[PDB]
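Quick notes on the structure that follows.
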Amino acid sequence: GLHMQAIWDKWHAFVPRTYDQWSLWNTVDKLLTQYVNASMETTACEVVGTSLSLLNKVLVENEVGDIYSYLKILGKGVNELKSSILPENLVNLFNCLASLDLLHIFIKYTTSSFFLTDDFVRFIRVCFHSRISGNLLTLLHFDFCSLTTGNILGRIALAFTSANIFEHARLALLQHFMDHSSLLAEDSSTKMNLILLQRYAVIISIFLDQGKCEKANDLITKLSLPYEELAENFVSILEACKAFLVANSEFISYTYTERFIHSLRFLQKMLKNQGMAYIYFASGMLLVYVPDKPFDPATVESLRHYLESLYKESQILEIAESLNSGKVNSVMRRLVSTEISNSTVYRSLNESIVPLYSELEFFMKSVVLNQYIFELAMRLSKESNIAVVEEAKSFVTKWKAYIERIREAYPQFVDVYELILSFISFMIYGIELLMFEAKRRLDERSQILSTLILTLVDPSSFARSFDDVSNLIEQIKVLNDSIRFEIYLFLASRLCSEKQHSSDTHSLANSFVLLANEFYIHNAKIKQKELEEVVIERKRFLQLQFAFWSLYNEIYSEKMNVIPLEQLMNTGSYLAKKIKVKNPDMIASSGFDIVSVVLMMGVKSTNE
């Protein structure tokens, strides 16, 4: 049981009411499905979809007929596009751009927005660029990598190893990211912290309406100027708890949501605080939307058969007043005549929602079971070996299966399904922060490898270390190795470049000594294999050791340090390209450092 009808009246958003309006929506959906599949020709098809957008906007203004004409014209052009590339992978980069698009779409838009904004048009261009399963959820109105730029590494892996069309699409996604430059540059998931804050603020506005303190709290909550929002977010959470006192009981997950939020608003390891506050507020608002039966903002047919009885008795009154006198009027007739003197809903002529209610009842009865929820809170406390990451994956997978079965059927209950989708999105955001922390604390050697790859590739990593050289040597011990020996040579090249600027006797000499002991152990392993393709690998290792002793002697010479930092940068770029060719695993990701400086190195990865 819940109230949930004024809540369903709180948004009660615009949607198709006429059967013809919903038919036009479905036709436009099939049209864009054929149409958003596949240069400057892509910008032309973007203008074509923009024409489709303005046309469906006119259709939303209750305009018919000429819609069917321009639709037949669009169908001719769509069969033409069906008549008039380069198979690959890592389209998850395009999905990440779509995630950033939905992020910016929620981000700058607090009031009403049909998403016609210009950057948003570029997002639509990338969305047509990137075919997706979902039926325009955003139009009607994919999150996890908020700190994980390691798929950028997969982009570097895509940059590691038709091919001209691949470099063309590389430059395409590159110019798109140059357009998506400021579209994520501000605050990785600290923006999403404010977004969950805005979702909680939406629940807070949904609490009370005309209470002047609550109206002022929702107004200031609507007054989320992002600098001032980050300034008084704590005052907002405090006043939120204060108004939560003013309401009724059972706000326990809602109260602890604010506690874990103030942590996630401030705390490192706050992915746990993020998932905790997200799951707690999601449980609060989900129980807020938890009626035991259907009562939304969603007939009077007694007037139908009533006026039918009035009219048919008026007819019978005339047919009897015939046999009374023979003129067509009566006091009975004038009486029943004076008695006969006495929006945009969906066309609901049959709404047998018992099966759809049972379908929602299974997915929310697992929630009424809540052993998923309770066991997830228990695992999200601590103590996961590895199995809870796979458990959160399987739970979100069964959730995605139920969500797909939901997005498949049920022509009715559309707004209810949309609200359930937003709620399951918040739950999956909590589950995402949780499974992310689970993979983080599960193991980190490949994450240490990813940090080393970030140490292998950044100008911040190229800023200016011998103990850190020993740390990297311990990583190489923990780390093929001849390619890692080439990486050690690249490190020695950086050492010689820093040697050029200024000279420290202890660091330079002990560093060369460390590299010498490394090469000595390498020659030891080489002679051990000699006591024992791979021979060509040993030959390449011999050529490598030849260049090593040559540059060592030249470094022990140090006659003239002609080391171009441009060539050093291209060398670090090629080392990163070899590392992108090296990495075979699918688990780790970037620890929220950069993807744009990586795109600045991705610029070199596409060029030269």
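Quick reminder, even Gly has a Cβ in these numbers, built from the backbone with ideal geometry, and neighbours come from all protein chains shown. Read-outs: derived from the displayed coordinates by stated rules, not from any lab.
Would you calculate the convex hull of the Cα atoms in the range 243-295 and tell me its volume per residue in Å³?
Cα convex hull per residue, to the nearest whole number: 82 Å³.
Taking the inverse of the average 1/r across all pairs of different Cα atoms in the range 60-219, what Kirkwood radius in Å do you get?
When all Cα pairs of the range 60-219 are included, the Kirkwood radius is 18.9 Å.
Do me a favour and compute the ellipsoid semi-axes for the range 353-422 from its Cα gyration tensor, root of five times each eigenvalue, largest one first, whole Å.
Calculated on Cα positions only, the semi-axes equal 28, 12, 9 Å.
Output the Cα-based Rg and Dmax of the range 1-80 in Å, rounding Rg to one decimal and Dmax to a whole number.
My reading of the Cα-based Rg and Dmax gives 16.2, 55 Å.
Hey, quick one: spin label on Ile165, modelled 7 Å out along Cα-Cβ, who in the range 1-37 has an amide N within reach, i.e. under 17 Å?
37
Give the shape of the range 54-148 as rounded, prolate or oblate, defined through the alpha-carbon gyration tensor: a ≥ b ≥ c are the square roots of its eigenvalues, a/c under 1.5 means rounded, and otherwise the shape is prolate if a/b is larger than b/c and oblate if not.
oblate
Taking all pairs of different Cα atoms in the range 383-452, averaging 1/r and flipping that mean, what Kirkwood radius in angstroms comes out?
Kirkwood hydrodynamic radius for the range 383-452: 13.9 Å.
Arranged from highest to lowest average of other beta-carbon atoms within 10 Å per residue, in what order do the peptides 512-522, 125-135, 190-200, 560-570 appear?
Result, highest mean Cβ count within 10 Å first: 190-200, 125-135, 512-522, 560-570.
Roughly how far apart, in whole Å, are the Cα centres of the range 389-428 and the range 332-360?
So the separation of the two Cα centres works out to 32 Å.
Rounded to the nearest 500, what is the chain's calculated 222 nm mean residue ellipticity when only DSSP H runs of at least 4 contribute -39500 (n - 2.57) each, over all residues?
It lands at -24000 deg cm²/dmol.
Report D for the range 519-608 in µm² per second (integer): Stokes-Einstein, Kirkwood Rh on Cα pairs, 10 °C, 1.306 mPa s.
So the translational diffusion coefficient is about 96 µm²/s.
Taking the Kirkwood radius as the inverse of the mean 1/r across Cα pairs, report the Rg/Rh of the range 307-420.
Ratio of gyration radius to Kirkwood radius for the range 307-420: 1.52.
Per residue, what volume in Å³ does the convex hull of the Cα atoms of the range 489-556 enclose?
So the per-residue Cα hull volume is 74 Å³.
Thinking of the range 231-361 as a set of Cα atoms, what percent of all their pairs are more than 25 Å apart?
62
What percentages, rounded to whole numbers, describe P(r) for the range 412-472 computed over all alpha carbon pairs with 5 Å bin width beginning at zero?
5, 13, 13, 14, 10, 11, 9, 8, 7, 5, 3, 2, 1, 0
What number in nm² do you get for the range 213-271 if you take the convex hull of its Cα atoms and divide its surface by four?
4.6
What is the mean projected area of the alpha carbon convex hull for the range 264-334, to one decimal in square nanometres?
9.2
Taking all pairs of distinct Cα atoms, average 1/r, flip it, and tell me the Kirkwood hydrodynamic radius of the range 414-558 in Å to one decimal place.
Here the Kirkwood hydrodynamic radius works out to 18.6 Å.
Under the Kirkwood approximation for Rh and a Cα-based Rg, what ratio Rg/Rh is obtained for the range 462-522?
Rg divided by Rh gives 0.95.
What would the Debye formula give as log10 I(q)/I(0) at q = 0.08, 0.09, 0.13 Å⁻¹ for the alpha-carbon point model of the chain, no solvent?
Debye intensities relative to I(0), on a log10 scale: -0.76, -0.91, -1.44.
Rank by packing, highest mean first: peptides 147-153, 596-602, with packing defined as the count of other Cβ atoms within 10 Å averaged across residues.
147-153, 596-602
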